[PDB]
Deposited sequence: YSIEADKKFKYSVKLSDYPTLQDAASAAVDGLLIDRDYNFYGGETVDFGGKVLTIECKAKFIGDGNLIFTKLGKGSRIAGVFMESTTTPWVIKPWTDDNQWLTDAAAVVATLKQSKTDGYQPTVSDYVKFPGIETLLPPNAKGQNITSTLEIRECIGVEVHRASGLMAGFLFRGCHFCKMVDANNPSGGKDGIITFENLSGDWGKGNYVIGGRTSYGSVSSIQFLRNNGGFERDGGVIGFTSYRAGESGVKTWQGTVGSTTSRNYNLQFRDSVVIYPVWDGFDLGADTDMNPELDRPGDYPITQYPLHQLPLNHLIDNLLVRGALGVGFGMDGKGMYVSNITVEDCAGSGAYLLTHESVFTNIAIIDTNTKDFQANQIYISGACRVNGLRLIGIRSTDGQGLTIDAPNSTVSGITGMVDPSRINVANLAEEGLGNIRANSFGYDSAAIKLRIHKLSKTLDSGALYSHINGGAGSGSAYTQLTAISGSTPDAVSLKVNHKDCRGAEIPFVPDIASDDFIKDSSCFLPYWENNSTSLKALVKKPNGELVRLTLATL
């Protein structure tokens, strides 16, 4: 029977039969079932001998610190892992029962409680976010470092599916072609919830977070360090949801970490959602002189050719910035940012294109100077602004297609134009007139310089209106105007110079300019003959 049994049954060892995880690992051939809670010590390392294993977790890994998995064969899969710390730390919860953000340091300190979730351990970034909290926090709530972390080290082709936990962290160190798939809402600890760190060895490639969600955590939900997906854009975040990150939803590191670059190139950031981050929704910048990366002489600060594929992202409720990035030559599309306390978008980009961007009700707490900022020479095609609550400051950018109830005095761009509209109709509701106004921002950002109006004569249903063409004078809009059909008279009302017109008042040849001659109660006409010569004629008299 043994011979037969050995050939007809599926191989799997279960942790309940062994004293240590390494013993189980050593006996494993195909499957490995975690069927009993396992308390690990920080730094406990398991060597899987290069075996391609299917690890099914139906119990917890309990401990503060890292449980290190090494030498898993390509194709290995870990499903259902649950990390939980042994320590219950002190956490702050900077939001109310109505889900309003608390910004007052004293109000935030008052939320202190010991729990493994529904809040996070304060870190130094909180000292910046809630000014004065550093001195108000009790010493036992400061400098905590609790995280139960599953560290996969220097492996290739390993996938982690449906992972969860309390004060949990997942760290891929020196890995390639690894994926974090369908994370089952782990509640984060002190460190990043999902981190792909490749500071040593080759640049990380093939590393993805696909689907799923995370909640809480002291810092960013997803963090990438020194990853390059190549032209194939092999790596990134797709279909993910981050809720209440202590720092940002998704972050690509910036600057030098250690003696090398922590920057990232050629990654995808698509079809994802970030809600209620304490700092930013997406922090995709690379710069904050670049050891291990492009020298500043080749690419100036904030102008690296990051080349990320960015599309279809939604951000809501950030206490910080909704969407932030830097770089040159980028193409960004279909971004929707709603209800953020700081800027909806903070863009330190140059020679980049942004298509179909919607920034709705941001900078609601005046944390920044504007709702959307763009530093370099960029192009914006399709920009929706204002929901129900400067708006845009992109000094060097050319924009087209803004929609929304924006205050024109709060727009600052290099050039704004609608070059390809068809025949137009201006439809006016609730008013006695329709209008097409012109505003030269160089003259005034607050006053319209001229207008074409249509106004009702009499009342509704009169079938009569008068058209009025105006110009500003003495900083008084519509000060001077020509009318057609005022009071249904069917004639044109023409403005004349109130005094003797000077020779320089008339512009073109073959034109005349009426002027008043008070001393004779006469209307005169300064005429520039077709030959350019001026002559003054009598136009109207008693």
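Counting from residue 1 of the deposited sequence, the stretches lacking C-alpha coordinates in this chain are 289 to 294, 396 to 401.
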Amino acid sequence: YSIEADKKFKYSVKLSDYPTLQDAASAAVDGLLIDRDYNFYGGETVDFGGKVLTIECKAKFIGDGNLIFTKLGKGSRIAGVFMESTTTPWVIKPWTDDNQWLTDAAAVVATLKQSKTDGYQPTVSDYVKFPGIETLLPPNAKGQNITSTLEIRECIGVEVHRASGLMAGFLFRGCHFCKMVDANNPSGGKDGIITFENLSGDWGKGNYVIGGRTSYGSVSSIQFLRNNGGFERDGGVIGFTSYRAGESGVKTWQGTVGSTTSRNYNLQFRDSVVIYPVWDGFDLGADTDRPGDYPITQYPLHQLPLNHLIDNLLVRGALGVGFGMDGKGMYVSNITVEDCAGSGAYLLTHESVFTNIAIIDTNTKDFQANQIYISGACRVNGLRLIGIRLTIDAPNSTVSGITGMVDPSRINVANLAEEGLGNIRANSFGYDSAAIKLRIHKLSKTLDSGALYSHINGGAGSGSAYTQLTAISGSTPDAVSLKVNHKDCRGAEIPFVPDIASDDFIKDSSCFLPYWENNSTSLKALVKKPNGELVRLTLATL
From here on, numbers count along this sequence of modelled residues.
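Averaged over their C-alpha atoms, the temperature factors of 232 to 240 and 424 to 432 are higher for 424 to 432.
As the entry records it, the average C-alpha temperature factor is higher for 296 to 304, out of 296 to 304 and 154 to 162.
The PDB entry gives the largest Cα B-factor of the residues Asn184, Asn198, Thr147, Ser464 to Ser464. Set against one another, the Cα B-factors of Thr252, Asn457, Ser85, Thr261 in the record reach their highest point at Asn457. In the PDB entry, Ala369 places in the highest third of its chain by CA B-factor. For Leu33, the recorded CA B-factor ranks within the middle third of the chain. Only modelled residues enter the ranking. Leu469: CA B factor lies in the middle third for its chain, per the PDB record.
Ranked by C-alpha B-factor against the other modelled residues of its chain, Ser76 falls in the middle third. Ranked by C-alpha B-factor against the other modelled residues of its chain, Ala141 falls in the highest third.
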